[PDB]
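Protein chains: 2
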Amino acid sequence: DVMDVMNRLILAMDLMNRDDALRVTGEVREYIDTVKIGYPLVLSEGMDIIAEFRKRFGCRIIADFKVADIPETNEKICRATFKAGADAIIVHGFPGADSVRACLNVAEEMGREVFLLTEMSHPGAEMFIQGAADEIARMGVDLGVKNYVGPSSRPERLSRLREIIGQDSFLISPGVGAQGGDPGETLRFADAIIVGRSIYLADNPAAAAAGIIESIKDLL
Amino acid sequence: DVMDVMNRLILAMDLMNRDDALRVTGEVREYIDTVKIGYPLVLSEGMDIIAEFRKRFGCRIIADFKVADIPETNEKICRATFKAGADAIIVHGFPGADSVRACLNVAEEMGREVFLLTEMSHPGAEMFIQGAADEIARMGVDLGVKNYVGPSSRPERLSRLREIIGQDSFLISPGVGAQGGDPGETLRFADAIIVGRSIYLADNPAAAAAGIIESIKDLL
Ligand SMILES: O=c1cc(O)n([C@@H]2O[C@H](COP(=O)(O)O)[C@@H](O)[C@H]2O)c(=O)[nH]1
Ligand SMILES: O=c1cc(O)n([C@@H]2O[C@H](COP(=O)(O)O)[C@@H](O)[C@H]2O)c(=O)[nH]1
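Line by line, the protein sequences are chains B and A. To convert a position in the first sequence, counted from 1, into the deposited numbering, add 6. To convert a position in the second sequence, counted from 1, into the deposited numbering, add 6.
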């Protein structure tokens, strides 16, 4: 048993201005309790933005840092990220098992979680990532990873990834809306959908979030 | 014709405390004019550290951010990084051509450079990256990439990557010292070596740098 994030919907907050990011996040907080913060916001406004969001909104924070370095550097990135208050960090699987294990070790030390990114949602993912993705997922299973990221834009791939990681793993999925993925279809396989632009570029982000949730009401 | 970095030696400044990072960098500045700053330092001390180093030391700065996202996010990361004053940014090739092109476009807009990371130096690189690395390098060539990163720990791989990118491309190489790579052998194929721990953890970082340079004097 694992509790769903609110409405199975995670906000990808990739606005690069603190005031805009705070405005939109506050506007959709009644619908979303889990926010993904990545480098567009962090490199513009600083790591302190993580604790600020956590305090102001009382939301979960996933640091989407696509950690993709050697083990020693990965350990340092993870430590800094958890010190900043992130609940979880997203790590690339493609650099291999030692790089992932380094992140898992720090997460264990600090009482936090790692999400393993398997296949990516964009067209370029077909070149190198897709062919390795099943094996990346199996590596995750072998390492004891319980949380995964896979692509809304390829539900047949998402289904295959779900098959590899099992029903007990937690799977979140970006590529919904702007990149062409469908909320309902994605939630056949993923526990939660990640949505950025379709919400944060909307004239009314709250209405956009509400509309997405309405379209998946029967899956909640 | 391209000018070598001073002594063909790039410092990987992965200390996480500003005072320590400034001390070590200042101590070795007579030997090294090009510094690689990554997320260990940036996530601990902020993006302002890039401009501070540039001003205080008058050195080149390579932002080692292993950029590894979708095109839209990559563009944002690159813009923030060049705004912060970085001369170049390191981008992963594994996510594919569109993701790389997004970084190249921003570099072109802002008069900066992209380095393409092909094969990595750590053991886990053997699992997925190594098998794709030749094709990643060829993709770089096709995209007009002129600057590359490849592994000191596998000189036979470094040689192959040099063959693919040609003599006119600029190639820098980490994994020297701590990870087992040899300065002189690496410089048979790479234009410059990247060195972190062997310098920054030394009792006397200046002496460590001087020693490395002494060992490769005939290649300068
Ligand atoms: O495969 C992936 C993995 C991601 O983390 N992402 C991230 O998920 C978000 C997608 O946002 P959007 O809904 O605006 O397309 C972005 O933050 C992107 O960096 C992705 O798009 N595809
Ligand atoms: O394949 C690669 C690519 C890298 O950027 N690096 C980076 O180069 C540096 C190696 O530092 P060191 O000399 O302490 O091993 C680190 O900053 C690491 O993140 C690497 O080690 N291997």
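The C-beta atom is built at its ideal place from N, Cα and C for all residues, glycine as well.
Could you tell me whether any non-hydrogen atom of ligand 2 is closer than 7 Å to the CB of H128 (chain A)?
Checking the Cβ of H128 (chain A) against ligand 2 gives yes.
For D93 (chain A), collect the residues of the same chain with a Cβ closer than 6 Å to its Cβ; drop the 5 residues on either side in sequence, then sort them by chain order.
Correct list, in chain order: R66, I67.
Looking at C-beta atoms only, is the number of pairs between the segment 119-133 of chain B and the segment 98-110 of chain B that lie closer than 8 Å three or more?
Judged by pairs of C-beta atoms under 8 Å, the segment 119-133 of chain B touches the segment 98-110 of chain B, as three or more such pairs exist.
Under DSSP, the alpha helix (DSSP H) around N111 (chain A) begins and ends at which residues?
In the DSSP assignment, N111 (chain A) falls within the alpha helix (DSSP H) that extends over 103-116.
Would you check if there are 3 or more beta carbon pairs closer than 8 Å linking the segment 48-61 of chain B to the segment 17-25 of chain B?
Touching, per the Cβ criterion.
Note down, in chain order, all residues in the segment 93-121 of chain B with a beta-carbon under 7 Å from any beta-carbon belonging to chain A.
Hits within the stretch, in order: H98, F100, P101, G102, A103, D104, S105.
For the putative contact between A86 (chain B) and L28 (chain A), defined by C-beta atoms under 8 Å, what is the C-beta separation to the nearest angstrom?
Between the beta-carbon of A86 (chain B) and that of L28 (chain A) there is about 18 Å, and that puts the pair past the 8 Å contact cut.
Can you name the start and end residues of the alpha helix (DSSP H) that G137 (chain B) belongs to?
Taken as a continuous stretch (DSSP letters only), the alpha helix (DSSP H) holding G137 (chain B) covers 135-149.
Are the Cβ atoms of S221 (chain B) and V182 (chain B) separated by less than 8 Å?
In this structure, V182 (chain B) does not lie closer than 8 Å to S221 (chain B) by Cβ.
Measure the beta-carbon distance from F134 (chain B) to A138 (chain A) and round it to whole angstroms, keeping in mind my assumption that it falls under 8 Å.
Rounded to whole angstroms, the Cβ separation of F134 (chain B) and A138 (chain A) is 4 Å, and the two are in contact under 8 Å.
Return the Cβ separation of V73 (chain B) and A198 (chain B) in integer angstroms, given the expectation that the two are a contact with Cβ distance under 8 Å.
Not really, about 20 Å apart at Cβ, beyond 8 Å.
Residues in the same chain with beta-carbon distance under 6 Å from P161 (chain B), minus the five sequence neighbours each way, listed in chain order, please.
Excluding sequence neighbours, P161 (chain B) sits near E191.
Inter-stretch contact at 8 Å, needing at least 3 Cβ pairs: the segment 171-181 of chain A / the segment 193-213 of chain B:
Segment contact: the segment 171-181 of chain A against the segment 193-213 of chain B, fewer than three CB-CB distances shorter than 8 Å; contact not assigned.
From the DSSP output, in three-state form, read off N23 (chain B) for me.
Assigned with DSSP and collapsed to three states, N23 (chain B) falls in coil, not helix or strand.
Between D20 (chain A) and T79 (chain B), how many whole angstroms is the CB-CB distance? I'm expecting something under 8 Å.
The beta carbons of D20 (chain A) and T79 (chain B) sit about 7 Å from each other, so the pair counts as a contact at 8 Å.
Does the distance between the C-beta of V48 (chain A) and the nearest non-hydrogen atom of ligand 2 fall short of 7 Å?
Distances between the C-beta of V48 (chain A) and the heavy atoms of ligand 2 are all 7 Å or more.
For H128 (chain B) versus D104 (chain A), is the C-beta spacing smaller than 8 Å?
It is a contact, given that the beta carbons lie within the stated cut-off.
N153 (chain B): first and last residue of the uninterrupted beta strand (DSSP E) it sits in:
Residues 153-155.
Does the beta carbon of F88 (chain B) sit closer than 8 Å to a beta carbon anywhere in chain A?
For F88 (chain B), the nearest beta carbon of chain A is not closer than 8 Å to its own beta carbon.
Take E141 (chain A) and list the residues in its own chain whose beta-carbon comes closer than 8 Å to its own, dropping the five residues that flank it on each side.
Shown here for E141 (chain A): not one same chain residue has a beta carbon closer than 8 Å to its own, the five before and five after excluded.
Rounding to the nearest angstrom, what Cα-Cα distance links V147 (chain A) and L193 (chain A) in this structure?
Using only the alpha carbons, I get a separation of about 21 Å.
Those residues which DSSP pairs with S127 (chain B) across a bridge
Paired residue(s): none; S127 (chain B) is not in a bridge.
Shorter than 7 Å, the distance from the beta carbon of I83 (chain A) to the closest heavy atom of ligand 1, or not?
No, ligand 1 has no heavy atom inside 7 Å of this Cβ.
Distance check for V201 (chain A) and residue 266 (chain B), CA to CA, integer angstroms please.
Examination of residue 266 (chain B) is not possible in this model, given that chain B is present from 7 through 226 alone.
Of the residues A:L226, A:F88, A:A213, which one's Cα is nearest the Cα of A196 (chain A)?
Minimum Cα distance to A196 (chain A) is reached at A:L226.
Taking C-beta pairs closer than 8 Å, name the residues in chain A that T79 (chain B) reaches, listed in chain order.
What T79 (chain B) touches in chain A: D20, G44, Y45, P46.
Taking 8 Å as the threshold (beta carbon to beta carbon), is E132 (chain A) in contact with chain B?
Yes, contact with chain B.
Whose C-beta lies closer than 6 Å to the C-beta of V30 (chain B) among residues of the same chain, with five residues either side of it excluded?
If we look at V30 (chain B) and ignore the five residues flanking it on each side, its Cβ neighbours are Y206, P211.
Would you say the beta carbon of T31 (chain B) is closer than 7 Å to some non-hydrogen atom of ligand 2?
Distances from the CB of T31 (chain B) to the heavy atoms of ligand 2 are all 7 Å or more.
Where does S165 (chain B) land, buried or exposed, given buried means 16+ other C-beta within 10 angstroms?
Classification of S165 (chain B): exposed, given that the 10 Å Cβ count is below 16.
Reduced DSSP category for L207 (chain A) - H, G, I as helix; E, B as strand; rest coil:
In this structure, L207 (chain A) counts as coil in the three-state DSSP scheme.
Would you kindly report the start and end of the unbroken beta strand (DSSP E) that includes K72 (chain B)?
Unbroken beta strand (DSSP E) run through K72 (chain B): 66-73.
Identify whether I43 (chain A) lies in helix, strand or coil by the three-state DSSP scheme.
Residue state, collapsed to three classes: strand.
Interface residues of chain A facing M126 (chain B) [CB-CB closer than 7 Å]
Around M126 (chain B), the beta-carbon contacts reaching into chain A at under 7 Å are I76, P101.
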